[PDB]
């Protein structure tokens, strides 16, 4: 007897006995930030039930909801167990599953505070989740409110963009200032600038080594027909700048999960003031403080020959096989020989395979499992790269969030590699 609106409750004892069953899918309908580890209700242990998948209830309004569920390999023959902070949060999702051919759907009522409140119930979390902050956390930061995972007294919220101040002026987080990606990267090499330039740029934007920097960008639908599609991939540029700042030596860098979209989806107020910058005289630390984060072409070539290391190609498949260069300013087409392929998504200005539809980072278990299928594992020294280092930065940031101990970005990427005609390259569908 199937009931569309009254859902069977599964008990704690029943759920414990089902932990590790291959026919059970445990589904966490809270926000992705709570899933990652943020203790959004003040619970003592944050994260998700061990083995649970993430399906935020907010996605019920996505017309591709069923395609998401199927992409996550959640099948009708599976027993589905939903949980949230409350059982009431799961009722609409439970009904939606039943409306789409899923007949075995249950709701677990005792995740919080029963499961979160007992040491014997297993939970998982993203090891460095506090670097990927929710919109509620940023709102508390700028409001002077008491927030977890913050012990500083100096902060700056930074809106990233590529030569497009309209992305900032058309709507930004209150109090935030804008940072053009050209402030930290050079248009001649599309690599990070020299230490002396980075020191001046950071100071002029009001950033010291001991300043908590919160970075975000605005997605504005990049179109390859425009001259600068990167001006619309604002949140990749935010993560690009987060990489450069962490390389330079800013001790505490956070990224707003999902960028501007998360701020408006949370319903917070937005400002259009052109906030003047409050400069600081001294960055206060040698640049770079974390040089291991950045890999150049000589070290990258050594990594291609080392048993201990690997380059990770975070480009699209058309770029990989040499159909296109991916950019209107690169004529050479092909791939670096010996790199491990980890497809970014559709083109150079999208990161579909590393993101959800709302631009938050994809469930990290899925990324880790895909990576491990290709030999991309934390025991190696990995240098993520792409065209110019933007997409490689976002992949690098994801591995950083998992706590991987030796991950870097090969800054030069295909742009630098193909600019030397003596560098070997492959083309065509791999054989």
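Numbering follows the first chain given and starts at 1.
Participant: State which stretch shows the higher mean Cα B factor in the entry: 141 to 149 or 92 to 100.
Facilitator: Per the PDB record, 141 to 149.
Participant: For the stretches 61 to 69 and 48 to 56, which has the higher mean C-alpha B-factor as given in the deposited record?
Facilitator: Of 48 to 56 and 61 to 69, the stretch with the higher C-alpha B-factor average is 61 to 69.
Participant: Can you pull the Cα B-factors for 288, 258, 237, 334 from the entry and say which is highest?
Facilitator: In this record, 334 carries the highest C-alpha B-factor of the candidates.
Participant: Which one, 253, 82, 132, 225, has the peak C-alpha temperature factor per the PDB entry?
Facilitator: Of the candidates given, the C-alpha B-factor peaks at 225.
Participant: Sort the modelled residues of this chain by their C-alpha B factor and say whether residue 262 lands in the lowest, middle or highest third.
Facilitator: Middle third of the chain for residue 262's C-alpha B-factor.
Participant: Just say lowest, middle or highest third for the CA B-factor of residue 166 relative to the other modelled residues in its chain.
Facilitator: Lowest third, going by the recorded CA B-factors of the chain.
Participant: Compared with the other modelled residues in the chain, in which third is the CA B-factor of residue 115?
Facilitator: It falls in the middle third of the chain.
Participant: Please say which third, lowest, middle or highest, residue 15 falls into when its CA temperature factor is compared across its chain.
Facilitator: Within its chain, residue 15 is a highest-third residue by C-alpha B-factor, going by the deposited values.
Participant: Using the B-factors in the PDB entry, rank residue 298's C-alpha atom against the chain and give the third, lowest, middle or highest.
Facilitator: For residue 298, whose C-alpha B-factor we compare with every modelled residue in the chain, the answer is the middle third.
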